[PDB]
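J.: The following block contains the structure, expressed as structure tokens.
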Amino acid sequence: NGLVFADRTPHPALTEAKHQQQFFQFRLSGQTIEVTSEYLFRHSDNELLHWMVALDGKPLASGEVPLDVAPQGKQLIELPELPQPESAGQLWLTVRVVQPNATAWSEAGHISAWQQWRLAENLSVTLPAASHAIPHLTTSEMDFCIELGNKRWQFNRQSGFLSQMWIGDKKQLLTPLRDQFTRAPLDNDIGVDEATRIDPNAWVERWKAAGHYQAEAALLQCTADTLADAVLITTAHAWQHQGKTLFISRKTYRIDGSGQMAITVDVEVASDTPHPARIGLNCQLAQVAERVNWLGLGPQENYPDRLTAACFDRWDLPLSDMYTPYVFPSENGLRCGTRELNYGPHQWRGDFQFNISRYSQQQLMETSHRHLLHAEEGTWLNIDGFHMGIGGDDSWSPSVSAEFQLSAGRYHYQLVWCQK
Amino acid sequence: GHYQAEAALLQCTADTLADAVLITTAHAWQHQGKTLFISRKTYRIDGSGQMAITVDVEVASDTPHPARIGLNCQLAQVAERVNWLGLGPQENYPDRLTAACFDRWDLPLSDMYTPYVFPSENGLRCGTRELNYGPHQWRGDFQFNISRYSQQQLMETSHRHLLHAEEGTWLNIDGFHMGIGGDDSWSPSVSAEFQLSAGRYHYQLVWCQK
Ligand code: NA
Ligand code: NA
């Protein structure tokens with residue numbers, strides 16, 4: 001149940017605890033930062049505030065101000081006039097409290113606190129430059145095919161899913177892109193303190209009994225249309241278990257002359273089915289790259305009810321860091337609030353949560369120990385419009401608070417897939 | 001600049017499909033060089049006569065959260081009854097709807113207006129899946145109000161006895177509507193979970209003739 005592994009390597013949860021247990025609080029009013037000390041005895045005599053303003057990860061301005069706060073006291077820091085850019089995006093302010101000097105318990109340059117705020121946002125009004133190229137649709141009995149030069153997109157008309165993508169003669173997918181509504185259960189979803197308890201109230205059990213893990217997709221609609229400058233595929237799927245419809249998924253895929261595939265997803269969830277762990281898509285990619293790079297919350301694993309410690313910026317990590325090696329395997333390594341994701345030739349833009357690794361949700365839920373996991377061929381990608389909270393208040397009864405359960409009934413998310 | 005914000009057209013294409021016409025639009029509401037909202041829509045008129053409207057709105061994170069995200073128009077028809085599947089029968093709002101029940105409700109048009117002495121937004125009904133008015137039917141998941149008074153006349157007139165019924169019927173269909181609040185009435189009282197702060201919004205509507 002540790003914040004650390006037996007060898008004292010941090011679990012991702014530790015960083016959330018560090019952030020929430022901060023000894024300095026911050027408010028932002030206009031250009032003023034108010035820093036309040038939660039110490040009771042010490043003045044801030046080994047602390048400096050670093051501030052940084054960035055546009056979608058791009059550093060615009062930064063600075064340093066010494067901290068001189070009495071225990072329980074306040075210091076107002078006035079920011080210099082910020083040299084606003086004209087280009088579209090969201091400006092983010094980040095502050096960090098840094099300890100310049102080593103102590104008996106920390107190294108020089110130790111970070112004790114941080115915080116972020118959204119500053120100005122400039123919405124993108126300027127149209128994209130109209131591409132000259134135009135995609136073409138090749139219909140067969142079994143498939144819709146879209147080609148754009150080297151690029152090729154294949155929609156299986158029997159299943160209703162994007163079954164394959166081609167760059168010239170190279171395959172991009174090892175498994176089709178399908179809706180996913182389940183996760184490999186966390187310890188908080190399993191809910192039991194004792195071994196032989198088959199607790200009928202736990203999330204995994206409610207999910208198992210409703211047939212979430214074994215629901216079969218049934219195709220309702222799979223049509224293709226040609227527009228002036230794009231091809232539009234439209235699909236509708238029903239997930240059923242024992243005649244009962246749990247989820248309906250309605251999708252458009254819009255492929256334009258730029259080679260961008262725009263996916264719209266609208267999901268209905270039956271109000272009497274237990275709230276799903278996630279509402280997303282997954283596929284097994286053929287590529288295995290070294291680095292994952294994203295504009296979103298990071299660097300560490302973060303979930304909707306555990307993301308306060310994560311900062312929004314441009315993060316770049318090795319693939320292996322995008323997996324969390326919990327001894328008992330589960331859904332893991334998610335990052336939330338992501339606007340852009342980069343992996344090998346692929347780029348996904350939108351507002352989504354994702355995890356990426358060499359292990360399928362299936363392998364993760366079938367394996368009892370982490371050392372028994374084996375890297376699957378290619379890379380498993382889950383991209384979620386929505387993900388349920390993880391809970392934790394205890395680990396033997398449902399603990400995901402109401403506001404983090406997927407209860408809306410109707411959900412919408414949109415993704416742009418392109419090959420940069 | 002929310003009240004004086006002017007719609008600027010970005011896109012307006014038409015496309016013929018196998019069994020439908022697809023109109024795609026984009027707009028930006030600006031005030032003094034600042035982009036407040038972007039609205040992206042598709043209209044799909046198919047062979048059965050139904051028009052499906054899909055709306056996706058962006059709100060700048062640094063503009064005050066808007067009062068509503070919706071559509072309005074003035075219908076030519078003045079009918080006797082309003083029939084809806086949703087929350088009712090009385091006026092209800094996102095942070096004042098626990099008393100309302102989900103059912104099929106049928107009231108005279110006049111009942112769809114609440115005569116507050118100082119006129120304001122009024123008569124909203126939430127959680128509506130189907131709205132019927134004369135030959136018109138709207139389906140989806142929306143909030144609406146319907147009356148002879150425009151949002152403009154309501155905000156310009158100071159007493160209820162000075163209001164005149166306009167020509168036809170003003171319809172407001174909202175995908176999202178701000179809470180009313182009221183913990184007090186001299187400071188912002190709308191709780192955070194009832195402010196339209198998501199940044200991106202989505203609703204869909206089917207309009208047909210029954
Ligand atoms: Na100091
Ligand atoms: Na008024």
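All residue names refer to the structure tokens as shown: chains lettered A, B, ... in order, residues numbered from 1 in each chain, ligands numbered from 1 in order.
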Hey, which residues come within 6 Å of ligand 2 if we count only C-alpha atoms and all ligand atoms? Could you give them as a tab-separated table (two decimals) with N, CA and C atoms, in the first residue's frame?
T.:
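This went into result.tsv:
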chain	number	residue	atom	x	y	z
B	118	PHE	N	-39.50	42.85	-12.60
B	118	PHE	CA	-38.33	43.27	-13.37
B	118	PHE	C	-38.02	42.13	-14.35
B	119	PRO	N	-38.30	42.34	-15.66
B	119	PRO	CA	-38.16	41.28	-16.67
B	119	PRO	C	-36.72	40.82	-16.90
B	120	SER	N	-36.57	39.52	-17.14
B	120	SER	CA	-35.27	38.88	-17.33
B	120	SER	C	-35.45	37.59	-18.12
B	154	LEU	N	-36.68	41.96	-23.29
B	154	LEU	CA	-36.69	41.64	-21.86
B	154	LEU	C	-35.63	42.40	-21.09
B	155	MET	N	-34.45	42.56	-21.69
B	155	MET	CA	-33.34	43.27	-21.04
B	155	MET	C	-33.43	44.80	-21.17
B	156	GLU	N	-34.31	45.27	-22.05
B	156	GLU	CA	-34.44	46.70	-22.31
B	156	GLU	C	-35.61	47.34	-21.56
B	157	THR	N	-36.60	46.52	-21.20
B	157	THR	CA	-37.80	46.98	-20.52
B	157	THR	C	-37.69	46.74	-19.01
B	158	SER	N	-38.12	47.73	-18.22
B	158	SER	CA	-37.90	47.72	-16.77
B	158	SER	C	-39.09	47.20	-15.96
J.: Determine, for each residue of chain A having at least one atom at most 6 Å from an atom of ligand 1, the closest pair of atoms and their separation in Å to one decimal, counting only C-alpha atoms and all ligand atoms; order by chain and ascending number, as JSON lines.
T.:
{"residue": "A:44", "atom": "CA", "partner": "ligand 1", "partner_atom_place_in_ligand_line": "1 (Na)", "distance": 5.0}
{"residue": "A:45", "atom": "CA", "partner": "ligand 1", "partner_atom_place_in_ligand_line": "1 (Na)", "distance": 3.9}
{"residue": "A:46", "atom": "CA", "partner": "ligand 1", "partner_atom_place_in_ligand_line": "1 (Na)", "distance": 4.3}
{"residue": "A:47", "atom": "CA", "partner": "ligand 1", "partner_atom_place_in_ligand_line": "1 (Na)", "distance": 3.9}
{"residue": "A:48", "atom": "CA", "partner": "ligand 1", "partner_atom_place_in_ligand_line": "1 (Na)", "distance": 5.4}
{"residue": "A:66", "atom": "CA", "partner": "ligand 1", "partner_atom_place_in_ligand_line": "1 (Na)", "distance": 5.3}
{"residue": "A:67", "atom": "CA", "partner": "ligand 1", "partner_atom_place_in_ligand_line": "1 (Na)", "distance": 4.4}
{"residue": "A:68", "atom": "CA", "partner": "ligand 1", "partner_atom_place_in_ligand_line": "1 (Na)", "distance": 5.5}
J.: Using only C-alpha atoms, what table do you get, as a Markdown table, when you list each residue of range 35-130 of chain B with an atom no more than 10 Å from range 160-167 of chain B, its nearest pair of atoms, and their distance in Å rounded to one decimal, rows by chain then rising number?
T.:
| residue | atom | partner | partner_atom | distance |
| --- | --- | --- | --- | --- |
| B:74 | CA | B:167 | CA | 8.3 |
| B:75 | CA | B:167 | CA | 8.7 |
| B:76 | CA | B:167 | CA | 7.3 |
| B:77 | CA | B:167 | CA | 8.8 |
| B:78 | CA | B:167 | CA | 8.3 |
| B:114 | CA | B:160 | CA | 9.9 |
| B:115 | CA | B:160 | CA | 6.5 |
| B:116 | CA | B:160 | CA | 6.8 |
| B:117 | CA | B:160 | CA | 5.2 |
| B:118 | CA | B:160 | CA | 6.4 |
| B:119 | CA | B:160 | CA | 6.0 |
| B:120 | CA | B:160 | CA | 9.6 |
J.: Based on the selection just made, write N, CA and C atoms of those residues as a JSON list (two decimals), in the first residue's frame.
T.:
[["chain", "number", "residue", "atom", "x", "y", "z"],
["B", 74, "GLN", "N", -36.77, 33.66, -34.35],
["B", 74, "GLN", "CA", -38.16, 34.07, -34.20],
["B", 74, "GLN", "C", -38.99, 33.30, -35.22],
["B", 75, "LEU", "N", -39.81, 32.37, -34.74],
["B", 75, "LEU", "CA", -40.72, 31.60, -35.60],
["B", 75, "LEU", "C", -41.88, 32.47, -36.03],
["B", 76, "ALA", "N", -42.41, 32.21, -37.22],
["B", 76, "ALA", "CA", -43.54, 32.98, -37.75],
["B", 76, "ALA", "C", -44.87, 32.59, -37.09],
["B", 77, "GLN", "N", -44.98, 31.31, -36.74],
["B", 77, "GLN", "CA", -46.16, 30.71, -36.11],
["B", 77, "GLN", "C", -46.39, 31.19, -34.67],
["B", 78, "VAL", "N", -47.65, 31.43, -34.33],
["B", 78, "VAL", "CA", -48.11, 31.62, -32.96],
["B", 78, "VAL", "C", -49.15, 30.53, -32.74],
["B", 114, "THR", "N", -42.82, 33.52, -17.38],
["B", 114, "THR", "CA", -42.94, 33.90, -15.98],
["B", 114, "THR", "C", -42.90, 35.42, -15.85],
["B", 115, "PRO", "N", -43.99, 36.02, -15.33],
["B", 115, "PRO", "CA", -44.14, 37.48, -15.23],
["B", 115, "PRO", "C", -43.41, 38.13, -14.05],
["B", 116, "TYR", "N", -42.09, 37.96, -13.99],
["B", 116, "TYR", "CA", -41.29, 38.70, -13.03],
["B", 116, "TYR", "C", -41.51, 40.20, -13.29],
["B", 117, "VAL", "N", -41.58, 40.98, -12.22],
["B", 117, "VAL", "CA", -41.87, 42.41, -12.29],
["B", 117, "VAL", "C", -40.73, 43.17, -12.97],
["B", 118, "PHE", "N", -39.50, 42.85, -12.60],
["B", 118, "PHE", "CA", -38.33, 43.27, -13.37],
["B", 118, "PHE", "C", -38.02, 42.13, -14.35],
["B", 119, "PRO", "N", -38.30, 42.34, -15.66],
["B", 119, "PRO", "CA", -38.16, 41.28, -16.67],
["B", 119, "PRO", "C", -36.72, 40.82, -16.90],
["B", 120, "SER", "N", -36.57, 39.52, -17.14],
["B", 120, "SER", "CA", -35.27, 38.88, -17.33],
["B", 120, "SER", "C", -35.45, 37.59, -18.12]]
J.: Given a cut-off of 7 Å, which residues of chain A touch chain B, counting only C-alpha atoms, written out as a PyMOL selection string?
T.: chain A and resi 120-123+225+227-228
J.: Keeping only N, CA, C and O atoms, write those residues as a PDB file, in the first residue's frame.
T.:
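Heads up, here's the output in again-v4.pdb:
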ATOM      1  N   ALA A 120      -3.854  34.416 -20.479  1.00  0.00           N
ATOM      2  CA  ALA A 120      -4.629  34.667 -21.704  1.00  0.00           C
ATOM      3  C   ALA A 120      -4.669  33.481 -22.675  1.00  0.00           C
ATOM      4  O   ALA A 120      -3.703  32.726 -22.784  1.00  0.00           O
ATOM      5  N   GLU A 121      -5.798  33.303 -23.354  1.00  0.00           N
ATOM      6  CA  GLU A 121      -5.878  32.369 -24.468  1.00  0.00           C
ATOM      7  C   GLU A 121      -6.334  33.106 -25.716  1.00  0.00           C
ATOM      8  O   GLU A 121      -7.286  33.892 -25.671  1.00  0.00           O
ATOM      9  N   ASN A 122      -5.641  32.854 -26.823  1.00  0.00           N
ATOM     10  CA  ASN A 122      -6.052  33.359 -28.126  1.00  0.00           C
ATOM     11  C   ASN A 122      -6.551  32.197 -28.948  1.00  0.00           C
ATOM     12  O   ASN A 122      -5.791  31.281 -29.283  1.00  0.00           O
ATOM     13  N   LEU A 123      -7.842  32.219 -29.246  1.00  0.00           N
ATOM     14  CA  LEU A 123      -8.441  31.161 -30.041  1.00  0.00           C
ATOM     15  C   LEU A 123      -7.986  31.258 -31.486  1.00  0.00           C
ATOM     16  O   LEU A 123      -7.735  32.351 -32.004  1.00  0.00           O
ATOM     17  N   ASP A 225     -18.982   8.837 -48.031  1.00  0.00           N
ATOM     18  CA  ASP A 225     -19.425   9.967 -48.839  1.00  0.00           C
ATOM     19  C   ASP A 225     -18.220  10.751 -49.301  1.00  0.00           C
ATOM     20  O   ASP A 225     -17.200  10.796 -48.612  1.00  0.00           O
ATOM     21  N   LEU A 227     -16.926  14.519 -50.331  1.00  0.00           N
ATOM     22  CA  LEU A 227     -17.200  15.951 -50.288  1.00  0.00           C
ATOM     23  C   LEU A 227     -16.310  16.625 -51.325  1.00  0.00           C
ATOM     24  O   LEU A 227     -15.582  15.943 -52.046  1.00  0.00           O
ATOM     25  N   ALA A 228     -16.363  17.950 -51.406  1.00  0.00           N
ATOM     26  CA  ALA A 228     -15.526  18.684 -52.362  1.00  0.00           C
ATOM     27  C   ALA A 228     -14.035  18.429 -52.132  1.00  0.00           C
ATOM     28  O   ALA A 228     -13.273  18.304 -53.088  1.00  0.00           O
TER      29      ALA A 228
END
J.: Quick check for you: according to DSSP on this backbone, which residues of range 67-144 of chain B are classed as helix (DSSP H, G or I)? Reply as a ChimeraX atom specification.
T.: /B:109-112
J.: I'd like the contact shell of range 408-415 of chain A - 7 Å cut-off, only C-alpha atoms, skipping same-chain residues fewer than 4 positions apart - returned as a PyMOL selection string.
T.: chain A and resi 262-271+348-350+385
J.: Would you write out those residues with N, CA, C and O atoms, as a PDB file, in the first residue's frame?
T.:
ATOM      1  N   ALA A 262      -9.828  13.459 -39.276  1.00  0.00           N
ATOM      2  CA  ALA A 262     -10.579  14.026 -38.167  1.00  0.00           C
ATOM      3  C   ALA A 262     -11.666  13.056 -37.703  1.00  0.00           C
ATOM      4  O   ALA A 262     -12.619  12.775 -38.437  1.00  0.00           O
ATOM      5  N   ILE A 263     -11.517  12.553 -36.478  1.00  0.00           N
ATOM      6  CA  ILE A 263     -12.480  11.608 -35.896  1.00  0.00           C
ATOM      7  C   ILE A 263     -13.378  12.291 -34.867  1.00  0.00           C
ATOM      8  O   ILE A 263     -12.898  12.889 -33.901  1.00  0.00           O
ATOM      9  N   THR A 264     -14.681  12.202 -35.101  1.00  0.00           N
ATOM     10  CA  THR A 264     -15.695  12.670 -34.160  1.00  0.00           C
ATOM     11  C   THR A 264     -16.310  11.438 -33.505  1.00  0.00           C
ATOM     12  O   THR A 264     -16.663  10.488 -34.202  1.00  0.00           O
ATOM     13  N   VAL A 265     -16.403  11.439 -32.173  1.00  0.00           N
ATOM     14  CA  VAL A 265     -17.008  10.315 -31.442  1.00  0.00           C
ATOM     15  C   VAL A 265     -18.099  10.791 -30.467  1.00  0.00           C
ATOM     16  O   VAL A 265     -17.877  11.697 -29.649  1.00  0.00           O
ATOM     17  N   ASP A 266     -19.272  10.170 -30.578  1.00  0.00           N
ATOM     18  CA  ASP A 266     -20.421  10.475 -29.743  1.00  0.00           C
ATOM     19  C   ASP A 266     -20.973   9.183 -29.183  1.00  0.00           C
ATOM     20  O   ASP A 266     -21.466   8.338 -29.926  1.00  0.00           O
ATOM     21  N   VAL A 267     -20.870   9.026 -27.866  1.00  0.00           N
ATOM     22  CA  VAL A 267     -21.231   7.773 -27.206  1.00  0.00           C
ATOM     23  C   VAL A 267     -22.446   7.948 -26.303  1.00  0.00           C
ATOM     24  O   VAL A 267     -22.513   8.886 -25.523  1.00  0.00           O
ATOM     25  N   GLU A 268     -23.408   7.042 -26.440  1.00  0.00           N
ATOM     26  CA  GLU A 268     -24.536   6.905 -25.524  1.00  0.00           C
ATOM     27  C   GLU A 268     -24.223   5.792 -24.545  1.00  0.00           C
ATOM     28  O   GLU A 268     -23.793   4.698 -24.951  1.00  0.00           O
ATOM     29  N   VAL A 269     -24.427   6.059 -23.256  1.00  0.00           N
ATOM     30  CA  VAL A 269     -24.266   5.015 -22.226  1.00  0.00           C
ATOM     31  C   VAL A 269     -25.604   4.779 -21.528  1.00  0.00           C
ATOM     32  O   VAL A 269     -26.233   5.717 -21.020  1.00  0.00           O
ATOM     33  N   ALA A 270     -26.050   3.528 -21.539  1.00  0.00           N
ATOM     34  CA  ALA A 270     -27.311   3.158 -20.900  1.00  0.00           C
ATOM     35  C   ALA A 270     -27.298   3.549 -19.426  1.00  0.00           C
ATOM     36  O   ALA A 270     -26.373   3.196 -18.692  1.00  0.00           O
ATOM     37  N   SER A 271     -28.316   4.293 -19.005  1.00  0.00           N
ATOM     38  CA  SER A 271     -28.339   4.879 -17.658  1.00  0.00           C
ATOM     39  C   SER A 271     -28.400   3.854 -16.534  1.00  0.00           C
ATOM     40  O   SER A 271     -28.049   4.170 -15.392  1.00  0.00           O
ATOM     41  N   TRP A 348      -1.383  12.986 -32.756  1.00  0.00           N
ATOM     42  CA  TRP A 348      -2.801  13.108 -32.433  1.00  0.00           C
ATOM     43  C   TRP A 348      -3.020  14.411 -31.701  1.00  0.00           C
ATOM     44  O   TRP A 348      -2.333  14.699 -30.727  1.00  0.00           O
ATOM     45  N   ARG A 349      -3.986  15.187 -32.168  1.00  0.00           N
ATOM     46  CA  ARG A 349      -4.352  16.442 -31.537  1.00  0.00           C
ATOM     47  C   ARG A 349      -5.799  16.402 -31.062  1.00  0.00           C
ATOM     48  O   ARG A 349      -6.633  15.714 -31.657  1.00  0.00           O
ATOM     49  N   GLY A 350      -6.088  17.144 -29.995  1.00  0.00           N
ATOM     50  CA  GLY A 350      -7.435  17.237 -29.425  1.00  0.00           C
ATOM     51  C   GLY A 350      -7.378  17.630 -27.957  1.00  0.00           C
ATOM     52  O   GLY A 350      -6.619  18.524 -27.581  1.00  0.00           O
ATOM     53  N   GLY A 385     -11.402   9.929 -24.446  1.00  0.00           N
ATOM     54  CA  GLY A 385     -12.110  11.184 -24.253  1.00  0.00           C
ATOM     55  C   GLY A 385     -12.324  11.378 -22.759  1.00  0.00           C
ATOM     56  O   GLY A 385     -12.123  12.470 -22.229  1.00  0.00           O
TER      57      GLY A 385
END
